[PDB]
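Considered here are two forms of the same protein chain, supplied as structure tokens in two stand-alone entries, structure 1 and structure 2.
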Structure 1
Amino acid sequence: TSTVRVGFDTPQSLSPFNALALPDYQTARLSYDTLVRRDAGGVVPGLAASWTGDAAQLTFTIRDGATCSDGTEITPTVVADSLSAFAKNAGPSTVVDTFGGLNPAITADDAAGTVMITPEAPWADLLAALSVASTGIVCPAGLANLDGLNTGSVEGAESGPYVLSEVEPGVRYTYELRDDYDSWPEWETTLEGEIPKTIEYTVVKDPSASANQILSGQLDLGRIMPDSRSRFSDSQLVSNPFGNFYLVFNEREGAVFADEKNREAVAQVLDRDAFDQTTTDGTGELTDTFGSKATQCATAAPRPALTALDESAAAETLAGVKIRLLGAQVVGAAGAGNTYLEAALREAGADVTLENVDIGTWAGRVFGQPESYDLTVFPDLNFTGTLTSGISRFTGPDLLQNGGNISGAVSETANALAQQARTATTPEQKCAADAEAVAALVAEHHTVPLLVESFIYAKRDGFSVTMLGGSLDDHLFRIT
């Protein structure tokens, strides 16, 4: 057999530029190629053979024999056109995350074979950001039709190994391997087995449905909730550390969590052990910061001072307070963590409405309609492997003003600390700024850092799956 059938969530977009949720990145990974790719000890050559520079400026030398699905030579102008189109068309949040601002300098040179990126101020995260599927290269046929990229394949747009051949919206996305592609990344790791010719990315509505369809052979790979583990042999399971979870409040003037006393009361109600039990059942790990111990600066001083549980004080504060609680269904099986949080808030006398929605709908709400909810457990994908990703959700200009500040938080201290992380002379001054920024954001009740989850793949005999270098959107499927 040459086909793999993979369980996944419904995409909200098949355009790299509009990618916000994991399924969007999963599809973008098959159809488009990024300049660099994740492997152990950092980043590996992909569509760029090598690069030079630092936080203030990077120069990528593009690789030879790189082709689009029509035949266009992938040249410096093709890449710079793609990366410019990304900078202009992607969500403000993911652009400032990639470039430290909305107006990077991007300039090709077909003679030199170079693509030069000059962020409007130094941005360390730029290199790691260009490993992320959403920065995958869109060939000229794709730039001609951006509305087309959203719903599936526009002939010749693909820089990547697969073309989406059949689409059944919200059901199945059938990918076929292109015969004219040997532009694989320069992996240091050796993978056992063969690149699948077909990938059937198959929407599962539910974790129970995921498990059943591995067990009955309707699926070859698929995500399992921790409760389903015992249905499988240890050999059928591949567990990786994945999303890092933390609270995000709507802190805008007139909203209930504009008032810090209300945010503190939520912190006083959220038992982090109980939240971990409901969400991961002990397959995950608690974290006081925006990442795991593998995250750059995540062990540097200072550690945040978390608000202690105080259910009595919280009951006085939240009596009849109206809370629009938005929940992603990845936060525990069918959003069980969001259910726990609603119940802890209701127990404190709050008038809580929970909307538990699929990851695609959740992402559209958080990034498109920020004023439409009060509180969410944010399941972050820390692509860049730094604390910067998380700090950006709470600092700088509001998302409403084309910034990355999802919450609309105004922390003077954290804003200034985000600025000194950028001016930092050394890695150590950078970690001290990042660490102090997280401590400040926790001390002022802008967030509660919760946990790092485990992504558990359950698989059938003859199928492997690998995640290299702590990567999140680069699931390496193989037939064995």
Structure 2
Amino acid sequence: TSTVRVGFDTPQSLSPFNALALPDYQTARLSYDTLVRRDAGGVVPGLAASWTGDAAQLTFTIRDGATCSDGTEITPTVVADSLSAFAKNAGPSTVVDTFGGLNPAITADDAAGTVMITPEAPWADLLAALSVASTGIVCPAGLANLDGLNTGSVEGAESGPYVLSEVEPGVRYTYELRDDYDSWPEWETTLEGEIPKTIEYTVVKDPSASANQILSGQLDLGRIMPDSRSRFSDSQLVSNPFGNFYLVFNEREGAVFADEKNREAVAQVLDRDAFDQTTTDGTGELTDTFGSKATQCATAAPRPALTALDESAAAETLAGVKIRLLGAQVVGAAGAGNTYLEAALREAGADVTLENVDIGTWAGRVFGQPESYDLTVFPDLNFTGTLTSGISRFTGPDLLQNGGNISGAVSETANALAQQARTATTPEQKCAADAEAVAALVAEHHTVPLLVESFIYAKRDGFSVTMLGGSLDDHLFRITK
């Protein structure tokens, strides 16, 4: 067989420029090729054969013989026009994650075969950010029809290996391997099995339905929740690090958690092992940073000094403190992590009120109404695979002053280390600044790092799936039998 039927959630958009939910990135990865790709320890050549430069400026050499799905040659101009359209059309938050600002210089030299990218100020994450599926190259036909990219294939737009050949919106997305495609990334990791000629990305309603359909043979692979694990043989389960969870506090003047003592006290009631048990049934991994061991700089010194449990001192501090606790229902089954934290704070004598809401409602409150709550567990899907997005929640100007600092925290130390990281002249200078920034934020009780949730694929015999290097949006399906 040359077909894999994969369970996934309904895409919100098939346009890389409008990709917000995981399925949007999953589909973008099939249709459009990024300049570089994640592997263990860093990125590998994708549509770029090589690159020179640093945080201040990158120059990519485009690999020869790459073509759009209509046979159009992928030139530096094609690549530069796609990245310019990305900077222009994508959400401001993802454009800032990619270029450190909204107005990068992006210049093609067709003769030299090069694309030169100069961030407004140095931006060390640019190279890693250009592996994210939403930065995949859209060919001229797609750039001419931005609206049509949202709902299907625009003939000739694809730079990637697959074309969406058939679509039943919200039900099934049928991808067919291009006969003319031969621009595969130069992966360091060797993958067994054959590249599927057809991927049937198949919408599932709920995790329960995903597990049932893999077991009945209606799907070859799909995501399952930890509570369905026991229905499968170990051979059928493939676990990879996915979202990472950490606390965020409202530290604005006049709010309860403006006071460092109240923040330390929350750290004193939040038992990280119990939290992991309630949230993941121990399928997750505790973390002391904003990612897993596979996240860039996550193993670099120093290691944060986490506040030990002290339920006693918490009880003294928190008796009668009013806490607007905000929860996302993705933090454990039915938001079980949020109700664990509510109870832990209630036990210490806080006057706590929990709003446990869906991810959409949660994001509107955290990014749109930052003063409307006091404490949340942030369920981060960090596609970039660096510590930068975690550090950003607590550094620079407040969201209130058009910044990305959602906590309104003021840490002179972490602010300085954030400025050091983005200009870092070497990756190892970058990891030193990022690890010290996390260490300060933990020490000043601006956050508590909690865990990395596992993405558990259940799979039928003769199929495999790999996620390399901590990637979230580069699921490598292979047929072995």
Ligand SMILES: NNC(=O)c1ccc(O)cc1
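Sequence positions of structure 1, starting at 1, serve as the residue numbers. So that the term is clear: the rigid core is the largest set of C-alpha atoms that superpose within 1.5 Å between two forms.
Colleague: Would you indicate whether the form solved in complex with the ligand is structure 1 or structure 2?
Modeller: Note: form solved in complex with the ligand is structure 1; the other is not.
Colleague: Pick from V204, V132, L83, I391: whose Cα moves by 2 Å or more between the two structures, rigid core superposed?
Modeller: Among the listed residues, the one whose C-alpha moves by 2 Å or more is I391.
Colleague: Through what angle, in whole degrees, does the smaller rigid part rotate relative to the larger one between the two structures?
Modeller: Value for the rigid-body rotation reads 26 degrees.
Colleague: Using a rigid core fit, what is the CA shift at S153 between the two structures, in angstrom?
Modeller: Its alpha carbon moves by 0.3 Å.
Colleague: How much does the C-alpha of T299 move between the two structures, in Å, when the core is lined up?
Modeller: The shift comes out to 6.4 Å.
Colleague: Would you mind giving the Cα movement of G470 between the two structures in Å, after fitting on the rigid core?
Modeller: So the C-alpha of this residue moves 1.0 Å.
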